[PDB]
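**Student:** Contents of query-v3.tsv (TSV, N, CA and C atoms) are given next:
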```
chain	number	residue	atom	x	y	z
S	1	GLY	N	109.16	136.18	76.98
S	1	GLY	CA	109.52	134.99	76.18
S	1	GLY	C	108.44	134.63	75.18
S	2	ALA	N	108.43	133.38	74.75
S	2	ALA	CA	107.45	132.92	73.78
S	2	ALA	C	106.11	132.62	74.44
S	3	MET	N	105.34	133.67	74.67
S	3	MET	CA	104.00	133.52	75.22
S	3	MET	C	102.97	134.01	74.22
S	4	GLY	N	101.70	133.71	74.47
S	4	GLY	CA	100.64	134.08	73.55
S	4	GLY	C	100.28	135.55	73.64
S	5	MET	N	101.20	136.40	73.22
S	5	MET	CA	100.97	137.84	73.19
S	5	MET	C	101.30	138.37	71.80
S	6	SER	N	101.25	137.47	70.83
S	6	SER	CA	101.59	137.81	69.46
S	6	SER	C	100.32	138.02	68.63
S	7	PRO	N	100.34	138.99	67.70
S	7	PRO	CA	99.23	139.22	66.78
S	7	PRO	C	99.05	138.05	65.82
S	8	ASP	N	100.05	137.18	65.79
S	8	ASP	CA	99.99	135.96	65.00
S	8	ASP	C	99.21	134.90	65.76
S	9	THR	N	99.36	134.93	67.08
S	9	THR	CA	98.65	134.01	67.96
S	9	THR	C	97.16	134.29	67.91
S	10	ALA	N	96.82	135.56	68.04
S	10	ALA	CA	95.43	135.99	68.01
S	10	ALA	C	94.80	135.69	66.65
S	11	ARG	N	95.59	135.88	65.59
S	11	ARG	CA	95.10	135.61	64.24
S	11	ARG	C	94.81	134.12	64.06
S	12	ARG	N	95.68	133.28	64.61
S	12	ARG	CA	95.52	131.84	64.51
S	12	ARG	C	94.19	131.40	65.12
S	13	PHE	N	93.84	131.99	66.26
S	13	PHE	CA	92.58	131.68	66.92
S	13	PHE	C	91.41	132.16	66.06
S	14	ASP	N	91.50	133.41	65.60
S	14	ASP	CA	90.45	134.03	64.79
S	14	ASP	C	90.20	133.27	63.49
S	15	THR	N	91.26	132.79	62.87
S	15	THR	CA	91.13	132.17	61.56
S	15	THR	C	90.79	130.67	61.66
S	16	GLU	N	91.42	129.96	62.59
S	16	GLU	CA	91.31	128.51	62.63
S	16	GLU	C	90.24	128.02	63.62
S	17	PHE	N	90.23	128.60	64.82
S	17	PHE	CA	89.45	128.03	65.92
S	17	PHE	C	88.10	128.71	66.10
S	18	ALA	N	88.09	130.03	66.05
S	18	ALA	CA	86.87	130.80	66.33
S	18	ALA	C	85.71	130.43	65.39
S	19	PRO	N	85.92	130.37	64.05
S	19	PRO	CA	84.85	130.00	63.12
S	19	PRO	C	84.37	128.57	63.33
S	20	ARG	N	85.25	127.74	63.89
S	20	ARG	CA	84.93	126.35	64.16
S	20	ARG	C	83.91	126.26	65.29
S	21	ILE	N	84.09	127.10	66.30
S	21	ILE	CA	83.18	127.15	67.43
S	21	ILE	C	81.83	127.71	67.00
S	22	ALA	N	81.88	128.84	66.30
S	22	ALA	CA	80.67	129.54	65.87
S	22	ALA	C	79.79	128.66	64.99
S	23	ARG	N	80.41	128.01	64.02
S	23	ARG	CA	79.68	127.18	63.08
S	23	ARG	C	79.17	125.90	63.74
S	24	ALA	N	79.96	125.34	64.65
S	24	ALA	CA	79.57	124.13	65.36
S	24	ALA	C	78.36	124.39	66.24
S	25	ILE	N	78.36	125.52	66.94
S	25	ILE	CA	77.26	125.89	67.81
S	25	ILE	C	76.00	126.17	67.00
S	26	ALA	N	76.14	126.94	65.93
S	26	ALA	CA	75.01	127.31	65.09
S	26	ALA	C	74.32	126.07	64.52
S	27	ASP	N	75.13	125.12	64.07
S	27	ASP	CA	74.61	123.88	63.49
S	27	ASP	C	74.01	122.99	64.57
S	28	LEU	N	74.60	123.02	65.76
S	28	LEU	CA	74.13	122.21	66.88
S	28	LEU	C	72.75	122.68	67.32
S	29	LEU	N	72.55	123.99	67.27
S	29	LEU	CA	71.27	124.58	67.66
S	29	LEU	C	70.30	124.58	66.49
S	30	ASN	N	70.67	123.88	65.42
S	30	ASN	CA	69.86	123.79	64.20
S	30	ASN	C	69.51	125.18	63.67
S	31	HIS	N	70.47	126.09	63.79
S	31	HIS	CA	70.33	127.47	63.30
S	31	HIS	C	69.19	128.22	63.99
S	32	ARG	N	68.96	127.90	65.25
S	32	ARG	CA	68.00	128.67	66.06
S	32	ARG	C	68.64	129.97	66.52
S	33	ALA	N	69.95	130.03	66.40
S	33	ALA	CA	70.70	131.21	66.77
S	33	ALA	C	71.73	131.52	65.69
S	34	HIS	N	71.96	132.80	65.46
S	34	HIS	CA	72.95	133.24	64.51
S	34	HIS	C	74.24	133.54	65.24
S	35	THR	N	75.35	133.02	64.75
S	35	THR	CA	76.62	133.19	65.42
S	35	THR	C	77.54	134.08	64.61
S	36	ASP	N	78.26	134.95	65.30
S	36	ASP	CA	79.13	135.92	64.65
S	36	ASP	C	80.40	136.10	65.46
S	37	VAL	N	81.54	135.85	64.83
S	37	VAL	CA	82.81	135.95	65.51
S	37	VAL	C	83.40	137.35	65.40
S	38	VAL	N	83.56	138.00	66.54
S	38	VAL	CA	84.31	139.24	66.61
S	38	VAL	C	85.79	138.92	66.45
S	39	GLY	N	86.31	139.11	65.25
S	39	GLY	CA	87.67	138.74	64.96
S	39	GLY	C	88.68	139.74	65.49
S	40	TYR	N	89.95	139.41	65.37
S	40	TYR	CA	91.02	140.30	65.81
S	40	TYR	C	91.09	141.51	64.89
S	41	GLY	N	90.79	142.68	65.44
S	41	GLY	CA	90.80	143.90	64.66
S	41	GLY	C	91.82	144.89	65.16
S	42	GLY	N	93.03	144.41	65.40
S	42	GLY	CA	94.08	145.27	65.90
S	42	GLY	C	94.34	145.06	67.37
S	43	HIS	N	95.48	145.54	67.84
S	43	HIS	CA	95.87	145.38	69.24
S	43	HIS	C	94.90	146.12	70.15
S	44	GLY	N	94.20	145.37	70.98
S	44	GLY	CA	93.22	145.96	71.86
S	44	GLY	C	91.82	145.50	71.52
S	45	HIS	N	91.71	144.71	70.46
S	45	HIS	CA	90.42	144.17	70.04
S	45	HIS	C	90.43	142.65	70.18
S	46	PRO	N	89.91	142.13	71.31
S	46	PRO	CA	89.93	140.70	71.61
S	46	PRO	C	88.94	139.91	70.76
S	47	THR	N	89.30	138.68	70.44
S	47	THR	CA	88.43	137.81	69.67
S	47	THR	C	87.43	137.10	70.58
S	48	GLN	N	86.17	137.11	70.17
S	48	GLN	CA	85.08	136.54	70.96
S	48	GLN	C	83.90	136.22	70.06
S	49	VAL	N	83.12	135.21	70.40
S	49	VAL	CA	82.01	134.81	69.56
S	49	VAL	C	80.67	135.11	70.24
S	50	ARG	N	79.83	135.85	69.54
S	50	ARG	CA	78.50	136.16	70.04
S	50	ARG	C	77.48	135.20	69.44
S	51	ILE	N	76.57	134.73	70.27
S	51	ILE	CA	75.49	133.88	69.83
S	51	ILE	C	74.16	134.59	70.09
S	52	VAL	N	73.49	134.97	69.02
S	52	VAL	CA	72.26	135.75	69.13
S	52	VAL	C	71.08	134.96	68.59
S	53	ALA	N	69.97	135.00	69.31
S	53	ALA	CA	68.77	134.30	68.88
S	53	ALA	C	67.56	135.23	68.92
S	54	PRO	N	67.39	136.06	67.88
S	54	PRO	CA	66.26	136.96	67.79
S	54	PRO	C	65.07	136.30	67.11
S	55	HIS	N	64.00	137.06	66.92
S	55	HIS	CA	62.78	136.55	66.29
S	55	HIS	C	62.20	135.39	67.11
S	56	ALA	N	61.59	135.73	68.24
S	56	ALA	CA	60.91	134.74	69.06
S	56	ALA	C	59.50	134.52	68.51
S	57	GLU	N	59.35	133.52	67.66
S	57	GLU	CA	58.10	133.31	66.94
S	57	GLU	C	57.04	132.71	67.85
S	58	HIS	N	57.31	131.52	68.39
S	58	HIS	CA	56.31	130.82	69.19
S	58	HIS	C	56.69	130.83	70.67
S	59	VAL	N	57.51	131.78	71.06
S	59	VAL	CA	57.99	131.86	72.43
S	59	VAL	C	57.67	133.22	73.04
S	60	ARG	N	56.92	133.21	74.13
S	60	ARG	CA	56.62	134.42	74.87
S	60	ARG	C	56.81	134.17	76.36
S	61	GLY	N	57.55	135.05	77.02
S	61	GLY	CA	57.78	134.90	78.44
S	61	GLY	C	58.68	135.99	78.97
S	62	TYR	N	59.94	135.94	78.57
S	62	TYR	CA	60.91	136.93	79.01
S	62	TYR	C	61.18	137.92	77.88
S	63	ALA	N	61.39	139.18	78.24
S	63	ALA	CA	61.56	140.24	77.25
S	63	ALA	C	63.03	140.45	76.91
S	64	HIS	N	63.80	139.38	76.92
S	64	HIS	CA	65.22	139.45	76.60
S	64	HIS	C	65.59	138.38	75.58
S	65	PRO	N	66.06	138.81	74.40
S	65	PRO	CA	66.56	137.89	73.38
S	65	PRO	C	67.93	137.34	73.77
S	66	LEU	N	68.25	136.16	73.26
S	66	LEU	CA	69.53	135.53	73.58
S	66	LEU	C	70.69	136.32	72.98
S	67	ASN	N	71.54	136.85	73.85
S	67	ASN	CA	72.75	137.53	73.43
S	67	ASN	C	73.91	137.07	74.30
S	68	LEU	N	74.62	136.06	73.82
S	68	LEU	CA	75.70	135.45	74.58
S	68	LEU	C	77.06	135.84	74.01
S	69	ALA	N	77.95	136.27	74.89
S	69	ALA	CA	79.32	136.57	74.50
S	69	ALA	C	80.30	135.61	75.17
S	70	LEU	N	80.84	134.70	74.38
S	70	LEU	CA	81.77	133.70	74.88
S	70	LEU	C	83.21	134.20	74.76
S	71	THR	N	83.93	134.18	75.87
S	71	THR	CA	85.33	134.57	75.88
S	71	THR	C	86.16	133.52	76.61
S	72	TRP	N	87.42	133.37	76.22
S	72	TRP	CA	88.28	132.34	76.79
S	72	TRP	C	89.62	132.92	77.22
S	73	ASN	N	90.22	132.28	78.21
S	73	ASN	CA	91.50	132.71	78.78
S	73	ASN	C	92.62	132.62	77.74
S	74	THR	N	93.35	133.72	77.61
S	74	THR	CA	94.41	133.85	76.62
S	74	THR	C	95.51	132.81	76.83
S	75	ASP	N	95.70	132.36	78.07
S	75	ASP	CA	96.66	131.30	78.37
S	75	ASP	C	96.27	130.02	77.64
S	76	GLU	N	95.01	129.63	77.78
S	76	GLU	CA	94.49	128.46	77.10
S	76	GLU	C	94.60	128.61	75.59
S	77	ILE	N	94.29	129.80	75.08
S	77	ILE	CA	94.42	130.09	73.65
S	77	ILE	C	95.86	129.86	73.18
S	78	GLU	N	96.80	130.25	74.03
S	78	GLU	CA	98.22	130.04	73.77
S	78	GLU	C	98.52	128.54	73.65
S	79	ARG	N	97.90	127.76	74.52
S	79	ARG	CA	98.09	126.32	74.54
S	79	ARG	C	97.60	125.66	73.26
S	80	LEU	N	96.60	126.28	72.63
S	80	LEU	CA	95.99	125.72	71.42
S	80	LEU	C	97.00	125.61	70.28
S	81	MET	N	98.10	126.35	70.39
S	81	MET	CA	99.13	126.34	69.36
S	81	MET	C	99.97	125.07	69.40
S	82	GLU	N	99.86	124.33	70.49
S	82	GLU	CA	100.63	123.11	70.66
S	82	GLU	C	99.82	121.89	70.24
S	83	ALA	N	100.48	120.75	70.07
S	83	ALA	CA	99.79	119.52	69.68
S	83	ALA	C	98.71	119.15	70.70
S	84	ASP	N	99.07	119.14	71.98
S	84	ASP	CA	98.12	118.86	73.06
S	84	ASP	C	97.08	119.96	73.15
S	85	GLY	N	97.37	121.08	72.51
S	85	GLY	CA	96.46	122.20	72.50
S	85	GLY	C	95.30	121.93	71.58
S	86	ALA	N	95.60	121.45	70.37
S	86	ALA	CA	94.58	120.98	69.45
S	86	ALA	C	93.74	119.88	70.10
S	87	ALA	N	94.39	119.03	70.89
S	87	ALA	CA	93.69	117.95	71.59
S	87	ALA	C	92.76	118.53	72.66
S	88	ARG	N	93.17	119.66	73.23
S	88	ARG	CA	92.37	120.36	74.23
S	88	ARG	C	91.10	120.90	73.58
S	89	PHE	N	91.25	121.45	72.38
S	89	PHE	CA	90.14	122.01	71.62
S	89	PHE	C	89.15	120.92	71.22
S	90	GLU	N	89.67	119.77	70.79
S	90	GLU	CA	88.84	118.65	70.38
S	90	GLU	C	88.00	118.14	71.55
S	91	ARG	N	88.59	118.18	72.73
S	91	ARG	CA	87.91	117.74	73.94
S	91	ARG	C	86.78	118.70	74.30
S	92	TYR	N	86.97	119.97	73.98
S	92	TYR	CA	85.98	120.99	74.28
S	92	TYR	C	84.77	120.83	73.37
S	93	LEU	N	85.02	120.49	72.11
S	93	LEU	CA	83.95	120.30	71.14
S	93	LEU	C	83.07	119.13	71.56
S	94	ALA	N	83.69	118.08	72.08
S	94	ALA	CA	82.97	116.91	72.54
S	94	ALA	C	82.08	117.22	73.74
S	95	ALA	N	82.39	118.29	74.45
S	95	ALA	CA	81.67	118.64	75.66
S	95	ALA	C	80.71	119.80	75.43
S	96	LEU	N	80.55	120.21	74.18
S	96	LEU	CA	79.63	121.30	73.84
S	96	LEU	C	78.22	121.06	74.40
S	97	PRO	N	77.61	119.87	74.14
S	97	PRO	CA	76.27	119.57	74.65
S	97	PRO	C	76.20	119.59	76.18
S	98	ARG	N	77.33	119.29	76.82
S	98	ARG	CA	77.38	119.21	78.27
S	98	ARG	C	77.45	120.60	78.89
S	99	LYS	N	78.29	121.45	78.33
S	99	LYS	CA	78.47	122.79	78.86
S	99	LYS	C	77.27	123.65	78.51
S	100	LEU	N	76.71	123.41	77.34
S	100	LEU	CA	75.53	124.13	76.87
S	100	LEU	C	74.38	123.94	77.85
S	101	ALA	N	74.11	122.68	78.20
S	101	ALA	CA	73.04	122.35	79.13
S	101	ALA	C	73.32	122.94	80.51
S	102	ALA	N	74.59	122.97	80.87
S	102	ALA	CA	75.01	123.50	82.15
S	102	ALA	C	74.72	125.00	82.23
S	103	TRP	N	75.01	125.71	81.15
S	103	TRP	CA	74.80	127.15	81.09
S	103	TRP	C	73.31	127.48	81.12
S	104	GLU	N	72.49	126.66	80.46
S	104	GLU	CA	71.05	126.89	80.45
S	104	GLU	C	70.50	126.89	81.88
S	105	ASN	N	70.84	125.84	82.62
S	105	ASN	CA	70.34	125.66	83.98
S	105	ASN	C	70.87	126.73	84.93
S	106	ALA	N	72.13	127.09	84.77
S	106	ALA	CA	72.79	127.96	85.73
S	106	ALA	C	72.60	129.44	85.41
S	107	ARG	N	72.64	129.78	84.13
S	107	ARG	CA	72.65	131.18	83.72
S	107	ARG	C	71.25	131.71	83.42
S	108	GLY	N	70.25	130.83	83.52
S	108	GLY	CA	68.88	131.25	83.25
S	108	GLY	C	68.65	131.53	81.78
S	109	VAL	N	69.18	130.65	80.95
S	109	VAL	CA	69.13	130.81	79.51
S	109	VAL	C	68.45	129.60	78.89
S	110	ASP	N	67.63	129.82	77.87
S	110	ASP	CA	66.97	128.71	77.20
S	110	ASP	C	67.11	128.85	75.69
S	111	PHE	N	68.01	128.07	75.12
S	111	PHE	CA	68.33	128.16	73.69
S	111	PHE	C	67.16	127.71	72.82
S	112	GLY	N	66.34	126.80	73.34
S	112	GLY	CA	65.20	126.32	72.58
S	112	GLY	C	64.10	127.36	72.51
S	113	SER	N	64.06	128.20	73.53
S	113	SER	CA	63.07	129.26	73.59
S	113	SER	C	63.61	130.55	72.98
S	114	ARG	N	64.92	130.55	72.70
S	114	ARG	CA	65.58	131.68	72.04
S	114	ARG	C	65.51	132.94	72.90
S	115	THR	N	65.29	132.75	74.19
S	115	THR	CA	65.12	133.85	75.13
S	115	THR	C	65.89	133.58	76.42
S	116	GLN	N	65.96	134.58	77.28
S	116	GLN	CA	66.68	134.46	78.54
S	116	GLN	C	66.03	135.30	79.62
S	117	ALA	N	66.20	134.87	80.87
S	117	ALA	CA	65.65	135.59	82.01
S	117	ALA	C	66.69	136.51	82.63
S	118	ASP	N	67.82	136.64	81.95
S	118	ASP	CA	68.90	137.50	82.42
S	118	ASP	C	68.87	138.81	81.65
S	119	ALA	N	69.68	139.77	82.07
S	119	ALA	CA	69.81	141.02	81.35
S	119	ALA	C	70.69	140.82	80.13
S	120	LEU	N	71.78	140.09	80.33
S	120	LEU	CA	72.77	139.85	79.30
S	120	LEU	C	73.71	138.75	79.77
S	121	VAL	N	74.00	137.77	78.93
S	121	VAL	CA	74.81	136.65	79.38
S	121	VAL	C	76.22	136.72	78.80
S	122	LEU	N	77.12	137.25	79.61
S	122	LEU	CA	78.53	137.32	79.26
S	122	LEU	C	79.27	136.23	80.03
S	123	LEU	N	80.14	135.50	79.35
S	123	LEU	CA	80.83	134.39	79.97
S	123	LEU	C	82.34	134.56	79.82
S	124	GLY	N	82.99	134.96	80.90
S	124	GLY	CA	84.42	135.17	80.87
S	124	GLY	C	85.16	134.18	81.73
S	125	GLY	N	86.45	134.03	81.48
S	125	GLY	CA	87.26	133.11	82.26
S	125	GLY	C	87.01	131.66	81.89
S	126	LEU	N	86.55	131.42	80.68
S	126	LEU	CA	86.30	130.06	80.21
S	126	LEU	C	87.59	129.41	79.71
S	127	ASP	N	87.63	128.09	79.74
S	127	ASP	CA	88.79	127.33	79.30
S	127	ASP	C	88.32	126.23	78.35
S	128	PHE	N	89.26	125.50	77.77
S	128	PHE	CA	88.92	124.44	76.83
S	128	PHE	C	89.08	123.08	77.49
S	129	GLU	N	88.89	123.06	78.80
S	129	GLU	CA	88.97	121.83	79.56
S	129	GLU	C	87.60	121.16	79.62
S	130	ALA	N	87.59	119.84	79.64
S	130	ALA	CA	86.35	119.09	79.73
S	130	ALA	C	86.63	117.67	80.21
```
Take the structure in the file and give it back as structure tokens.

**Tutor:**
Amino acid sequence: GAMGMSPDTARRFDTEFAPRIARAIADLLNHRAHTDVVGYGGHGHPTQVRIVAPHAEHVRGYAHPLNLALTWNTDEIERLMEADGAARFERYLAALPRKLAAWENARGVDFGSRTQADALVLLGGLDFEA
């Protein structure tokens, strides 16, 4: 039926929502990290936003630069197409500072230090709930 398995659905996320997240995060971190959206590049290429923070100028400790890959459940992405879906997205933006701080403490990541004590921080199964 009408579920989020359309190349139009994926495009909508890539064009409307994904750049909004990337730019919001980059600006929130005062450009301490460069954000790049892996857009929809054909069937089999999922959309996801990477947040990278290289060039550790005044930070020395862990030998791992910030490389975060944010991914979200396609069901939730499907919901974004609805009116309450946009409302879901708006709620997620309001909780950016909250989830960000949560990830720092839990995932061993420090955005201010532009470094991490992990090997690589991949975040899957995320939703736009807050």

**Student:** Please determine, counting only C-alpha atoms, which residue among S:10, S:3, S:80, S:51 has the shortest atom-to-atom distance to residue 92 (chain S).

**Tutor:**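 Among the listed residues, S:80 lies closest to residue 92 (chain S).
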
**Student:** Tell me, as a list in words, which residues lie within 7 Å of region 118-120 of chain S, counting only N, CA and C atoms; anything in the same chain fewer than 2 positions away does not count.

**Tutor:**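 What passes the distance filter is residues 64, 67, 68, 69, 107, 108, 109, 115, 116 and 122 of chain S.
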
**Student:** Please report the interatomic distance between atom C of residue 49 (chain S) and atom N of residue 2 (chain S) in Å with one decimal.

**Tutor:**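 A separation of 28.2 Å between them.
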
**Student:** Just want the 12 Å neighbourhood of residue 28 (chain S), counted on only C-alpha atoms, with same-chain residues fewer than 2 positions away dropped. Output as a PDB file with N, CA and C atoms, in the coordinates of the input.

**Tutor:**
```
ATOM      1  N   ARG S  20      85.250 127.740  63.890  1.00  0.00           N
ATOM      2  CA  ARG S  20      84.930 126.350  64.160  1.00  0.00           C
ATOM      3  C   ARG S  20      83.910 126.260  65.290  1.00  0.00           C
ATOM      4  N   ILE S  21      84.090 127.100  66.300  1.00  0.00           N
ATOM      5  CA  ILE S  21      83.180 127.150  67.430  1.00  0.00           C
ATOM      6  C   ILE S  21      81.830 127.710  67.000  1.00  0.00           C
ATOM      7  N   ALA S  22      81.880 128.840  66.300  1.00  0.00           N
ATOM      8  CA  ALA S  22      80.670 129.540  65.870  1.00  0.00           C
ATOM      9  C   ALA S  22      79.790 128.660  64.990  1.00  0.00           C
ATOM     10  N   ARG S  23      80.410 128.010  64.020  1.00  0.00           N
ATOM     11  CA  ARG S  23      79.680 127.180  63.080  1.00  0.00           C
ATOM     12  C   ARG S  23      79.170 125.900  63.740  1.00  0.00           C
ATOM     13  N   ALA S  24      79.960 125.340  64.650  1.00  0.00           N
ATOM     14  CA  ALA S  24      79.570 124.130  65.360  1.00  0.00           C
ATOM     15  C   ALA S  24      78.360 124.390  66.240  1.00  0.00           C
ATOM     16  N   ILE S  25      78.360 125.520  66.940  1.00  0.00           N
ATOM     17  CA  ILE S  25      77.260 125.890  67.810  1.00  0.00           C
ATOM     18  C   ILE S  25      76.000 126.170  67.000  1.00  0.00           C
ATOM     19  N   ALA S  26      76.140 126.940  65.930  1.00  0.00           N
ATOM     20  CA  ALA S  26      75.010 127.310  65.090  1.00  0.00           C
ATOM     21  C   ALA S  26      74.320 126.070  64.520  1.00  0.00           C
ATOM     22  N   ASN S  30      70.670 123.880  65.420  1.00  0.00           N
ATOM     23  CA  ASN S  30      69.860 123.790  64.200  1.00  0.00           C
ATOM     24  C   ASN S  30      69.510 125.180  63.670  1.00  0.00           C
ATOM     25  N   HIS S  31      70.470 126.090  63.790  1.00  0.00           N
ATOM     26  CA  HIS S  31      70.330 127.470  63.300  1.00  0.00           C
ATOM     27  C   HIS S  31      69.190 128.220  63.990  1.00  0.00           C
ATOM     28  N   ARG S  32      68.960 127.900  65.250  1.00  0.00           N
ATOM     29  CA  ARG S  32      68.000 128.670  66.060  1.00  0.00           C
ATOM     30  C   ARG S  32      68.640 129.970  66.520  1.00  0.00           C
ATOM     31  N   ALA S  33      69.950 130.030  66.400  1.00  0.00           N
ATOM     32  CA  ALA S  33      70.700 131.210  66.770  1.00  0.00           C
ATOM     33  C   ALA S  33      71.730 131.520  65.690  1.00  0.00           C
ATOM     34  N   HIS S  34      71.960 132.800  65.460  1.00  0.00           N
ATOM     35  CA  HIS S  34      72.950 133.240  64.510  1.00  0.00           C
ATOM     36  C   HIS S  34      74.240 133.540  65.240  1.00  0.00           C
ATOM     37  N   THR S  35      75.350 133.020  64.750  1.00  0.00           N
ATOM     38  CA  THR S  35      76.620 133.190  65.420  1.00  0.00           C
ATOM     39  C   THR S  35      77.540 134.080  64.610  1.00  0.00           C
ATOM     40  N   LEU S  93      85.020 120.490  72.110  1.00  0.00           N
ATOM     41  CA  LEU S  93      83.950 120.300  71.140  1.00  0.00           C
ATOM     42  C   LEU S  93      83.070 119.130  71.560  1.00  0.00           C
ATOM     43  N   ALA S  94      83.690 118.080  72.080  1.00  0.00           N
ATOM     44  CA  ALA S  94      82.970 116.910  72.540  1.00  0.00           C
ATOM     45  C   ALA S  94      82.080 117.220  73.740  1.00  0.00           C
ATOM     46  N   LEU S  96      80.550 120.210  74.180  1.00  0.00           N
ATOM     47  CA  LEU S  96      79.630 121.300  73.840  1.00  0.00           C
ATOM     48  C   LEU S  96      78.220 121.060  74.400  1.00  0.00           C
ATOM     49  N   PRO S  97      77.610 119.870  74.140  1.00  0.00           N
ATOM     50  CA  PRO S  97      76.270 119.570  74.650  1.00  0.00           C
ATOM     51  C   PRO S  97      76.200 119.590  76.180  1.00  0.00           C
ATOM     52  N   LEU S 100      76.710 123.410  77.340  1.00  0.00           N
ATOM     53  CA  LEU S 100      75.530 124.130  76.870  1.00  0.00           C
ATOM     54  C   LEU S 100      74.380 123.940  77.850  1.00  0.00           C
ATOM     55  N   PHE S 111      68.010 128.070  75.120  1.00  0.00           N
ATOM     56  CA  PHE S 111      68.330 128.160  73.690  1.00  0.00           C
ATOM     57  C   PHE S 111      67.160 127.710  72.820  1.00  0.00           C
ATOM     58  N   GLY S 112      66.340 126.800  73.340  1.00  0.00           N
ATOM     59  CA  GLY S 112      65.200 126.320  72.580  1.00  0.00           C
ATOM     60  C   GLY S 112      64.100 127.360  72.510  1.00  0.00           C
TER      61      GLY S 112
END
```

**Student:** From region 30-96 of chain S, collect each residue whose DSSP state is helix (DSSP H, G or I) and return the set as a short mmCIF file (atom, residue, chain, number, x, y, z; two decimals) with N, CA and C atoms, in the frame of the given file.

**Tutor:**
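Written out: states.cif:
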```cif
data_model
loop_
_atom_site.label_atom_id
_atom_site.label_comp_id
_atom_site.auth_asym_id
_atom_site.auth_seq_id
_atom_site.Cartn_x
_atom_site.Cartn_y
_atom_site.Cartn_z
N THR S 74 93.35 133.72 77.61
CA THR S 74 94.41 133.85 76.62
C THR S 74 95.51 132.81 76.83
N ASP S 75 95.70 132.36 78.07
CA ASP S 75 96.66 131.30 78.37
C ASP S 75 96.27 130.02 77.64
N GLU S 76 95.01 129.63 77.78
CA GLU S 76 94.49 128.46 77.10
C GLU S 76 94.60 128.61 75.59
N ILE S 77 94.29 129.80 75.08
CA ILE S 77 94.42 130.09 73.65
C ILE S 77 95.86 129.86 73.18
N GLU S 78 96.80 130.25 74.03
CA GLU S 78 98.22 130.04 73.77
C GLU S 78 98.52 128.54 73.65
N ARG S 79 97.90 127.76 74.52
CA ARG S 79 98.09 126.32 74.54
C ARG S 79 97.60 125.66 73.26
N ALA S 83 100.48 120.75 70.07
CA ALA S 83 99.79 119.52 69.68
C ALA S 83 98.71 119.15 70.70
N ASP S 84 99.07 119.14 71.98
CA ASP S 84 98.12 118.86 73.06
C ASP S 84 97.08 119.96 73.15
N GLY S 85 97.37 121.08 72.51
CA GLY S 85 96.46 122.20 72.50
C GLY S 85 95.30 121.93 71.58
N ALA S 86 95.60 121.45 70.37
CA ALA S 86 94.58 120.98 69.45
C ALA S 86 93.74 119.88 70.10
N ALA S 87 94.39 119.03 70.89
CA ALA S 87 93.69 117.95 71.59
C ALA S 87 92.76 118.53 72.66
N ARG S 88 93.17 119.66 73.23
CA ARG S 88 92.37 120.36 74.23
C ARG S 88 91.10 120.90 73.58
N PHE S 89 91.25 121.45 72.38
CA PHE S 89 90.14 122.01 71.62
C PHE S 89 89.15 120.92 71.22
N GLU S 90 89.67 119.77 70.79
CA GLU S 90 88.84 118.65 70.38
C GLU S 90 88.00 118.14 71.55
N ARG S 91 88.59 118.18 72.73
CA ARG S 91 87.91 117.74 73.94
C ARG S 91 86.78 118.70 74.30
N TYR S 92 86.97 119.97 73.98
CA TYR S 92 85.98 120.99 74.28
C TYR S 92 84.77 120.83 73.37
N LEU S 93 85.02 120.49 72.11
CA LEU S 93 83.95 120.30 71.14
C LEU S 93 83.07 119.13 71.56
N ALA S 94 83.69 118.08 72.08
CA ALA S 94 82.97 116.91 72.54
C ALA S 94 82.08 117.22 73.74
N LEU S 96 80.55 120.21 74.18
CA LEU S 96 79.63 121.30 73.84
C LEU S 96 78.22 121.06 74.40
#
```

**Student:** Would you mind listing what lies within 7 Å of residue 91 (chain S) as a list in words, with only N, CA and C atoms counted and same-chain residues fewer than 4 positions away left out?

**Tutor:** residues 86, 87, 95, 96, 128, 129 and 130 of chain S

**Student:** Name the closest residue to residue 89 (chain S) among the candidates S:53, S:63, S:121, S:18; distances are taken between atoms, counting only C-alpha atoms.

**Tutor:**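 For residue 89 (chain S), the nearest of the given residues is S:18.
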
**Student:** Pick out the closest residue to residue 70 (chain S) from this set: S:7, S:125, S:41, S:1. Count only N, CA and C atoms.

**Tutor:** S:125

**Student:** One decimal, in Å: what's the spacing between CA of residue 81 (chain S) and CA of residue 101 (chain S)?

**Tutor:**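 Interatomic distance, CA of residue 81 (chain S) to CA of residue 101 (chain S): 28.1 Å.
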
**Student:** Of the candidates S:104, S:90, S:66, S:29, which shows the shortest atom-to-atom distance to residue 54 (chain S), using only C-alpha atoms?

**Tutor:**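 That would be S:66, the residue with the smallest distance to residue 54 (chain S).
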
**Student:** My list of candidates is S:74, S:61, S:52, S:98. Which is closest to residue 5 (chain S) when distances are computed with all atoms listed in the file?

**Tutor:**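 Using all atoms listed in the file, residue 5 (chain S) sits closest to S:74.
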
**Student:** What residues in region 36-122 of chain S get the DSSP label strand (DSSP E or B)? Please answer as an MDAnalysis selection string.

**Tutor:** chainID S and resid 36:38 48:53 65:72 109:110 115:116 121:122

**Student:** Please, what distance in Å, to one decimal, runs between CA of residue 39 (chain S) and CA of residue 79 (chain S)?

**Tutor:**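 CA of residue 79 (chain S) lies at a distance of 18.8 Å from CA of residue 39 (chain S).
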
**Student:** List as a list in words the protein and nucleic acid residues near region 11-15 of chain S, meaning an atom at most 8 Å away when only C-alpha atoms are counted, but skip any in the same chain fewer than 5 places from it.

**Tutor:** residues 37, 39, 40, 47 and 77 of chain S

**Student:** For residue 113 (chain S), list every protein, DNA or RNA residue within 8 Å, evaluated using only N, CA and C atoms, and leave out those in the same chain fewer than 4 positions away; present the list as a ChimeraX atom specification.

**Tutor:** /S:53,55-60,65-66,109
